[PDB]
S.K.: 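Please read through the structure below; I'll follow up with questions.
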Amino acid sequence: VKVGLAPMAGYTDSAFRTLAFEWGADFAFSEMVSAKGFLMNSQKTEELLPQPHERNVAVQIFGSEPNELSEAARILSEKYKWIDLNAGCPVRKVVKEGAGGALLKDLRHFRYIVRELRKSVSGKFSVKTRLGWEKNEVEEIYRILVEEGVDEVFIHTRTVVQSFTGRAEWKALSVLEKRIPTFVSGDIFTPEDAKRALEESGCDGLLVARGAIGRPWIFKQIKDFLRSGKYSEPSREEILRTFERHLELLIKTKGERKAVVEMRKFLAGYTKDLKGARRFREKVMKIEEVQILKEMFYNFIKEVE
Ligand SMILES: Cc1cc2nc3c(=O)[nH]c(=O)nc-3n(C[C@H](O)[C@H](O)[C@H](O)COP(=O)(O)O)c2cc1C
């Protein structure tokens, strides 16, 4: 069973991906990369690309037109060995553009895009998608991917229209004869969720997304649980050290100012269920100096114990 960190725009940058690998994740993905922005040499897209030496990390691209996706894939293939296509995002901005989950609105057009991308991805080509645009059409979507030579598939078990409402219907993948590595995603917050999702879907592995924000040890817990039926929670000292390591990685990769801004997104997760976390978060949300943030987090933990 393989357990990977899902792509999460705004969260899964190189620092968080690295931290996840330091807790046992098997693989990860870049934040979604606009194919058009990449071809335009935009600064924003250039900053999202993984380094070519960064192992086991896909470059996920998004777009609505076959020519931009294929061209971006051909160019990226010169340096990256694994390209993934986002065909699941329900975000309004992305769907309005006809990208992400909007690619599932017309499966004839989806097949066209997948066939053209297959020709342009020299290495491993995967697709991350959903069950369908507005209804479960996963057998057809999966058949397209297998027939067009996709190497691996990641499926968030919700339709695009549901966004994050309703539940991840893990059993929807049980009907699929898994001819290629197939991974389940959706509502995976604990090891118990991970085990049930694997059992109901019949998949080869799973992705952790919201469940890993501020909780990178979830990868080790999931593997511990699947192997032995038991897992443990991190000590307060281990939470502190993880926060410190994450912050150090953020400073190294993005500089002090940006490190503080990015870390703000993970504080709720790191302090989850810690006495007085709400008060602490309120006090640190506007702190701009990285040294002050680090000292307050240290003070908050050592006092909790
Ligand atoms: C903040 C955020 C950003 C996301 N960005 C991406 C993305 O860039 N690419 C992608 O394929 N999915 C993206 N996802 C979807 C996740 O990869 C995942 O499939 C989804 O959250 C369902 O898993 P979960 O319910 O276990 O969190 C995003 C999810 C979140 C919460």
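Counting begins at 1 with the first residue of the sequence. For ligands, and for the atoms within them, numbers begin at 1 and follow the listed sequence.
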S.K.: With a 4.5 Å cut-off on side-chain heavy-atom distances among I, L, V, M, F, W and Y, is there a chain of contacts connecting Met8 to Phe189?
M.R.: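 They do not share one cluster, since no chain of ILVMFWY contacts under 4.5 Å joins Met8 to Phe189.
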
S.K.: Using every non-hydrogen atom in the two residues, find where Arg264 and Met285 come nearest and quote the distance to one decimal.
M.R.: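 So the minimum-distance heavy-atom pair works out to NE-O, 3.0 Å.
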
S.K.: Examine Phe266 together with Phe243 and report whether their ring centres are nearer than 6.0 Å.
M.R.: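 No, the ring centres sit 6.0 Å or more apart.
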
S.K.: Should the ring pair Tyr270 and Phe297 be called parallel, tilted or perpendicular, given that the plane angle runs from 0 to 90° and is split at 30 and 60?
M.R.: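 Geometry flag for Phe297 against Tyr270: perpendicular rings.
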
S.K.: Who pairs with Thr190 by side chain to side chain contact (heavy atoms under 4.5 Å, CB included), at least two apart in sequence or on another chain?
M.R.: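 Scan of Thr190 (side chain to side chain contact (heavy atoms under 4.5 Å, CB included), adjacent residues dropped) gives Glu192, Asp193, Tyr231.
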
S.K.: Taking only heavy atoms of the protein into account, state which residues are under 4.0 angstrom from an atom of ligand 1, in chain and number order.
M.R.: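 Ligand 1 pocket, heavy atoms under 4.0 Å: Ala6, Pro7, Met8, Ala9, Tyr11, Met32, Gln60, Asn86, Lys128, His156, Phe164, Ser185, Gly186, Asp187, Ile188, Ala209, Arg210.
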
S.K.: Taking the six-membered ring of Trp23, is the NZ or CZ of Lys220 close enough (under 6.0 Å from the centre) and on axis enough (within 45°)?
M.R.: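 The answer is no; the distance or angle limit is not met.
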
